[PDB]
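In: requesting a structural model of the entry that follows:
(2 chains)
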Amino acid sequence: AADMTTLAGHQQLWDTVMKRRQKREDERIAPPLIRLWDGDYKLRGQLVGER
Amino acid sequence: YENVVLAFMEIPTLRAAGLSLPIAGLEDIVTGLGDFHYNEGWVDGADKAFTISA
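Out: Numbering: from 1, shown residues only, chains lettered A, B, ... in the order given. Right below this line is the structure:
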């Protein structure tokens, strides 16, 4: 955990929050996971090459 | 009692389980929709056709 007594731990907290912004910025760009299933709901596959 | 007796009918079908269908490649085999399908649909009654033949 970051030290709140010193500027170096305030920098560790800032760096930790900027890290979590980047993970959300990547999940903003990630496509949904698409899956196709048959009439009894058996999985056929994951779809990735769609237009 | 008015419209209580013989006032409705349900007619079933082999669609879920298996049929041969007049589509190229489905004429000789048996295929069904699957265990997951839409259940009921209402037959429109405004001309009373069900009272001549349901």
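
In: for whichever residue of chain B sits closest to chain A, which non-adjacent residue is spatially closest?
Out: Nearest residue of chain B to chain A, counting by CB to the nearest CB: residue B:34, 2.0 Å away. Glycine gets a C-beta too; all of them are placed from N, C-alpha and C. Distance criterion CB to CB, 6 or more residues apart in numbering or on different chains; nearest residue to residue B:34, sequence neighbours excluded, is residue A:39 at 2.0 Å.

In: over to residue B:28?
Out: Closest to residue B:28 by CB to CB, 6+ apart is residue B:20, at 6.8 Å.

In: next up, phi/psi of the one you found, please.
Out: The phi/psi pair for residue B:20 (degrees, to the nearest 10) reads phi -100, psi 130.

In: burial of it, as a residue count?
Out: Residue B:20 has 12 neighbouring residues, counting by other CB atoms under 10 Å in any protein chain shown.

In: number of residues surrounding residue A:36?
Out: Using other CB under 10 Å, residue A:36 has 9 neighbouring residues.

In: so it sits against residue A:45, correct?
Out: Yes - if you go by CB atoms under 8 Å, residue A:36 and residue A:45 touch, sitting 5.9 Å apart.

In: which residues does the residue in chain A positioned nearest to chain B contact?
Out: Nearest residue of chain A to chain B, counting by CB to the nearest CB: residue A:39, 2.0 Å away. Contacts here follow CB atoms under 8 Å, 6 or more residues apart in numbering or on different chains; on that basis residue A:39 touches B:32, B:33, B:34, B:35, B:36, B:37.

In: out of these, what pair is the most spread apart?
Out: Farthest-apart pair in these is B:32 and B:36; separation 11.0 Å (CB to CB).

In: about what we covered before: can you confirm the residue of chain B closest to chain A is in a strand?
Out: No - under DSSP: H, G, I helix; E, B strand; the rest coil, residue B:34 falls outside any strand and is assigned coil.
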